[PDB]
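Quick note, the sequences are listed as chains E and U, same order. FYI, the numbering for the first sequence is 1 to 291, 294 to 629, 632 to 742, going by the UniProt record's numbering. FYI, the numbering for the second sequence is 14 to 288, 295 to 316, 326 to 742, going by the UniProt record's numbering. The beta-carbon is built from N, C-alpha and C at its ideal position, and this holds for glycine as well. One structure is given here, and the rest of the page talks about it.
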Amino acid sequence: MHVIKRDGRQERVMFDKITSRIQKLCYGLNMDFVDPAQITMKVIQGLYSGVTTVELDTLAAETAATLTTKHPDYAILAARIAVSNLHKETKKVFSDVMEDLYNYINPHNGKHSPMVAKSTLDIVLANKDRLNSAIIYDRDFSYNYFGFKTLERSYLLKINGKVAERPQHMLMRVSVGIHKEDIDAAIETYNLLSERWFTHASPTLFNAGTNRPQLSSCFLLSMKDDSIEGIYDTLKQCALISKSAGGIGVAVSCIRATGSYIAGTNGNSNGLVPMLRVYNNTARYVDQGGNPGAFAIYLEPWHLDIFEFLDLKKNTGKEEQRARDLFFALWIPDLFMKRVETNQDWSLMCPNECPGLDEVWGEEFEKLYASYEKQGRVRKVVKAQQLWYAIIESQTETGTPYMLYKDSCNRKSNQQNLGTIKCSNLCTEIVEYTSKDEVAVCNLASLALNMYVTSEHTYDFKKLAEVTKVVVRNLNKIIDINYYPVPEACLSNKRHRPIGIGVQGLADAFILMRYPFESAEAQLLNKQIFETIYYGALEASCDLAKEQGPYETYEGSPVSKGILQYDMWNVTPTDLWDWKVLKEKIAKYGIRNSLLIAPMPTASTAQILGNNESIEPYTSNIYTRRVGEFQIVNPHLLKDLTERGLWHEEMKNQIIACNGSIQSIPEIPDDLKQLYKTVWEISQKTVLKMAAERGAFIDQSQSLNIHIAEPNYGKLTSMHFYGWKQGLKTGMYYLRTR
Amino acid sequence: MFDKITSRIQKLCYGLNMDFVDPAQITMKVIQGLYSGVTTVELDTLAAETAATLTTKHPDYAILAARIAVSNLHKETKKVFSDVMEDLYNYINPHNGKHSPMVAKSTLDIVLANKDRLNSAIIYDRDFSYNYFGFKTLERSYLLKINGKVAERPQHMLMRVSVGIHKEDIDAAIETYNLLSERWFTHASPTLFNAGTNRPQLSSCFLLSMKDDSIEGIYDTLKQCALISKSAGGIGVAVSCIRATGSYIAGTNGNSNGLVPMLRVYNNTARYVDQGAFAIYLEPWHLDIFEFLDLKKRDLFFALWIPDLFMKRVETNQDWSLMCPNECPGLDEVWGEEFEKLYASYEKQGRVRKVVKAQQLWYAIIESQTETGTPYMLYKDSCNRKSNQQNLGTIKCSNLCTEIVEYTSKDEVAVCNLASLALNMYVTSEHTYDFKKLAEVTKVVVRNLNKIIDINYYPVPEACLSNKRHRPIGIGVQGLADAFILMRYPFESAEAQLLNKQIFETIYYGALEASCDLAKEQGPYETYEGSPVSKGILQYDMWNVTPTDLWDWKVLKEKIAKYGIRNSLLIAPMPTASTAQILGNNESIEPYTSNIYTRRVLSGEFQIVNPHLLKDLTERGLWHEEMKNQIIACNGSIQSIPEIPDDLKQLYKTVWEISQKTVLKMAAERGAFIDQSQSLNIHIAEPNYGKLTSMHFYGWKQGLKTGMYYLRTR
Ligand SMILES: CC(C)(NC(=O)CN1C(=O)c2ccccc2C1=O)C(=O)NCCCC[C@@H](N)C(=O)O
Ligand SMILES: Cc1cn([C@H]2C[C@H](O)[C@@H](COP(=O)(O)OP(=O)(O)OP(=O)(O)O)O2)c(=O)[nH]c1=O
Ligand SMILES: Cc1cn([C@H]2C[C@H](O)[C@@H](COP(=O)(O)OP(=O)(O)OP(=O)(O)O)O2)c(=O)[nH]c1=O
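Now the structure itself:
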């Protein structure tokens, strides 16, 4: 028939032609129920006397995509269809893409617009010879579809509207954006970024090697002062960060509660309820412009406005008086948990009546708080369980507030010497020091935990621990060259140098190592997996101290005084790793990095390489993405449903009506039922259990979500108090129900 | 006892024309207190209260109601100024315990040395000069309050204001006091508030230009904004410089959300920081102009900064290009016959983001005004061509009240510290106007306001740099309505029109003669050289209005040509709401809005009628409880009731039936002797868009700076 080619000529569209043009790609697929026949069918069964070739692979790719439910290989295939009709549509070699990206011109103004950077490009052509050939473009056939169309949507820079990079072109520029002048490691960084041994978090990918590269995600802000001059110089600070697309965690603990005396202008303060709507509208003002930004507010429960802090995301409320786009978080000191569970009363205080109440934690905070109580100098006295179910009443309504434990989050941080951490980040994993002239930042890089497994289901620990070895130096260099939108951010992270190495797909990891997520083997691996990262991190940060000198303010720190993160948890480690010689190695030289581990949640940067989204296990065995609107079942799961033939259309529909609960239907081996157990089914005691076990080797904190489709009050009460009781820094990210 | 209170009562009824005043009916309504309880002051509490109720019978019951509250304010306040000042600095906040000096050591110290002459120069029978409703606006905020109890007397606060301004200058202090106390004028509200206090703010005015289009500049304007709302200041903001909705963002590759989500951050800011509200000045060429008049349809007041074109292409039924100040830069920053050439550029260059018929825009503004009242109308190309800061550059906005027109920049956020004139104190018991002292008093006020410039604690250093060079001062007025009424003029009359020419002339040449005097002493304001008046041509020349033979300006033109003036701008009629709800004079320059009005004192609601109306009504007997109701039924109008000699309903007519054609008339006739603008309110309660279209243009055809403040309906 009738398709106009890549030319401008015509070709007889034939089934024999297309089914073989797909057979060109199907390599690395068990091609036993993978079948290029029945792609071509629905395609040709709509092929009209028209329709070009690329605009036929629009059909061919998006059709093999929808038929991923037949096998998780079809997604990886539907990718190559779209990728190959991106390859023949994209410039073939790297230096030619880069040169073509800097000479970019904006057709609105005519203003010459450097997509990349002169700070980068000129080092790029400098090694054009080997760099260009050091790119295996056969590695963007290793991505799955639903990840690739997270890639091209916003990760692959386009020119005037259409794609300008290939995924490898994007990955190499990233590895060039990081090391710039360095090449022996730049291609090394690429050579792990490409075959997905890991990834840098979202912003490190976008504008690595653009002019003023902004390589940092979330940022942290303590309130400058208890002053409008300090407040709006804080408000400016964060508005600037959301300019440069930055997540933000703010300690607003420092602020005059509602009804607190103002000496300067003889009125009472308005509290945070009005002060925070200011941040609310700041958020959906400056997005970056084109989807919205949002900041995580960290108010400590001793603050008089804590109840009204909690009324703030009740679905639909009181209009002129309520905020939405802000995310809320609790920076909880041990004491509150204590006399909730002892059911003794609780004092609510103003940080001005009771000054310096946010800049103190733990045993030091036990008494300073009780000192005001004896003086009588508090505003509200309420039974501690009040504030407690009122929090749960807020969480059961929404999912917020977040739950961080200050006197667990400060007890076990390497930044203690700098003072009290008054807050965490947007997604509650980063626990760094913040102040008037300091706003520490997140240097983030996900780890694809599923990749370090043998085809014999044994773990490749000594490679995980040296990939991190590379991950740490990347994030170090990122600290220097990263554009800091605010001068304090620089002169913070330039000081402390905290980097946050996150992980993803430990959902997938447990599964592909053949472990049920709950098993006493997972458990048993969950240690060592995070022993591995931390070890490789400390080992890498140590080699860096002996080369560039320990960060500003290194000694004073827990490690400089000779006692490490797990030692703070009293959780003595496992003997993979000879920790004695690491401590000693850390001891002559030091470390370059204040904090290292931060299991940060990754969504887009997880969607991209098919791993399931942070540390959380699979939520629904069958789930969906939209870029049509495609059904996708768990890869792993269908991997085994087909190996032994228990997957039909009279099975797919059964699992959908289960929310992935493949536990009901008894034609599936209980070897798989245990293994692919949806997170809901998992009594979450064990998840936080696990978190605490792995948290011992986490410098900062870990963004943990909690899933119970049927959330009671005590069944939520006994949840937090498990996590807090057994040591966690971050108790809960979101609450998911239905 | 009944015969004990009535004695206690006209022991204060002196000066109150005792025919339609009667002391017994006061004692009668208070005996409902029934005694067997109530202190010695609770009596006098509701006794004043009772007298204030009866302003309905005579405006003298109000003045009496004052003294009652006042004579039992002096009872519960010690009687000497230096004492009051002493306890005001030796104040301790007992919620706390820390030392909190409510006045200033820097001023007390100044008080105690010149103590013996200051305390005696204070006349303490001038608190009796105020009337009740004025007195309890005073009670609330102006009189400093030691531990809840009023620590000051009106005198004690006013002498504090005098001493706060002159500081070491005592001879000029009793000066400013004796005409502050004899109500010959008054300073701005924040002045009377923190004059002589620790870290004093003496300004409200306050203007702001976006120091950029960038976030960095958006929030250092916002940082500045909250800082000023901290210091209890209302701001006019120039936001014309800001990216329209969707106008391509640079390195973030985003597109702008434009104005609306921005102003919402300012909205919320304006509500977060009280101890307030901001005005936002957006020129009609900005693209987001339609997303602009829907926000009004909130804590922000809105305003258009209109160039001559927009009107010229609204009459002529001609199109209109809405532009982005980024595609079409420097567009807000240019004015007049020149601006139209720059605007017509991007017209021909074609870079325009949305073009609509200009009259559609226009009625779209009338649609927002009829509902709300906003936006304020101020004519750009009509402000700068008649402004004395025309040399410093295009003035890009006005204040939150639209009387101030001052240059604003990267670090110059102009203030216009303020003081109003009691225009009704200048009359004879021979019904002729006293122009002599009006200059003389204005002579003083300029110098005080200029002392205020030097001592004022400025919230942002940018405001300091603006006031120290320009040294501008907004000298406003009040009781315009009462002046005509005491000169026995109708507001609309031609001898209202004579006099109003003259009235602002004497003020202008009173202020110019005053501003000329402290170029001698200190040296011309630094950016004098270049300004239109350093170029020997004044405000009334830019309107080309030949002044009255009243004064000899040829003399004044020629004083100024020598030494010069320490000030850039001089005249600027406020809307003196509280700042005038004290003396007994009608709010700014507008006529009597409604002959009978009511103010809410806490819980009570007292019927208060036009003090001159009733006092002329009663002179005839033709006033009563039926007359009374008939006037409230008209929401002000006394034209219905034919009993009234038709001479008096010319005199007291309300601004409703005062043909606005002719309000904007007199507004132009005085605007020539006004260095800045004028807060002009517009009043029609049944407003076809036709009326609004014709009243608006009458303004910019007549060359006004402010086309319109508020719209006012029902
Ligand atoms: C208030 C007044 C008329 N009467 C009182 O102090 C006490 N009293 C009575 O035994 C009595 C009986 C029946 C009706 C009303 C009253 C009443 O008021 C008074 O002047 N009583 C004289 C006693 C000194 C206190 C007093 N001057 C004050 O400051 O209120
Ligand atoms: C509404 C809105 C405006 N803006 C504005 C304010 C930012 O400073 C600007 C982008 O910053 P820049 O990229 O620095 O702006 P620019 O280089 O194009 O020139 P200018 O600063 O004068 O605009 O766009 C946003 O960035 N985000 C938004 O959501
Ligand atoms: C002016 C103002 C302050 N505040 C509160 C919140 C801020 O923490 C703080 C900043 O303003 P200030 O009260 O002026 O801060 P301050 O340290 O100078 O306190 P004081 O004047 O009593 O000596 O006041 C409001 O809540 N609303 C307001 O309008």
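Residue i lies in the beta strand (DSSP E); which residues open and close that run?
i             : result
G735/E        : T734 to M736
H200/U        : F198 to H200
residue 773/E : Absent from the structure is residue 773/E, since the part of chain E shown begins at 1 and ends at 742.
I624/E        : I624 to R627
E633/U        : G632 to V637
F330/U        : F329 to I334
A447/U        : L446 to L449
Measure the C-alpha to C-alpha separation of residue i and residue j and round it to an integer number of angstroms.
i             : j      : result
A392/U        : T402/U : 12 Å
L477/E        : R594/E : 11 Å
residue 293/E : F309/E : Within the gap of chain E, which runs from 291 to 294, lies residue 293/E, and it has no coordinates in the structure.
residue 747/E : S217/E : Nothing about residue 747/E can be reported from this structure: the residues present for chain E run from 1 to 742 only.
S415/E        : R153/U : 53 Å
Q567/E        : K315/E : 35 Å
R80/E         : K70/E  : 17 Å
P107/E        : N160/E : 8 Å
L598/U        : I248/U : 19 Å
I299/U        : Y407/U : 15 Å
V93/E         : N132/E : 6 Å
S222/E        : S622/E : 37 Å
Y717/U        : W363/U : 28 Å
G649/E        : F338/E : 54 Å
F219/E        : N427/E : 6 Å
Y556/U        : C544/U : 12 Å
Note down, in chain order, every chain E residue with its Cβ under 7 Å from the Cβ of residue i.
i      : result
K243/U : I228 and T265
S113/U : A263
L328/U : None at all; the shortest Cβ gap to chain E is about 12 Å.
Could you tell me which chain E residues have their CB closer than 8 Å to the CB of residue i, listed as they occur along the chain?
i      : result
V163/U : Simply none; closest approach about 14 Å.
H108/U : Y261
By the DSSP assignment, the alpha helix (DSSP H) with residue i in it spans what residues?
i      : result
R21/U  : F15 to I22
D569/U : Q567 to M570
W728/E : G718 to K729
Under 8 Å between beta-carbons, which chain U residues line up against residue i? List them in chain order, please.
i             : result
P274/E        : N281, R284 and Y285
residue 756/E : Outside the modelled stretch of chain E, which goes from 1 to 742, sits residue 756/E, for which no answer is possible.
Since residue i meets chain U, which of its residues come closer than 9 Å, beta carbon to beta carbon?
i      : result
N270/E : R284, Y285, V286 and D287
Listing by chain order, which chain U residues have their CB less than 7 Å from the CB of residue i?
i      : result
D233/E : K236
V278/E : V278, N281, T282 and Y285
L240/E : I228 and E229
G290/E : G267 and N268
>> Which residues end up in the neighbourhood of ligand 5 when you take C-beta atoms closer than 6 Å to any of its heavy atoms?
In response: Only ligand 1, ligand 2 and ligand 3 can be found as ligands here, which leaves ligand 5 out of the picture.
>> Is it the case that the stretch 651 to 669 of chain U contacts the stretch 484 to 494 of chain U, given that we only count it when at least three CB pairs across the two stretches are under 8 Å?
In response: no
> Which runs of the alpha helix (DSSP H) fall wholly inside the stretch 227 to 287 of chain U and span at least 4 residues, in chain order?
Replying inline: 228 to 243 and 273 to 285
> Should the stretch 544 to 552 of chain E be called in touch with the stretch 503 to 516 of chain E, which here means at least 3 C-beta pairs below 8 Å?
Replying inline: no
> Does the stretch 627 to 647 of chain U come within contact of the stretch 570 to 589 of chain U, defined as at least 3 CB pairs closer than 8 Å?
Replying inline: no
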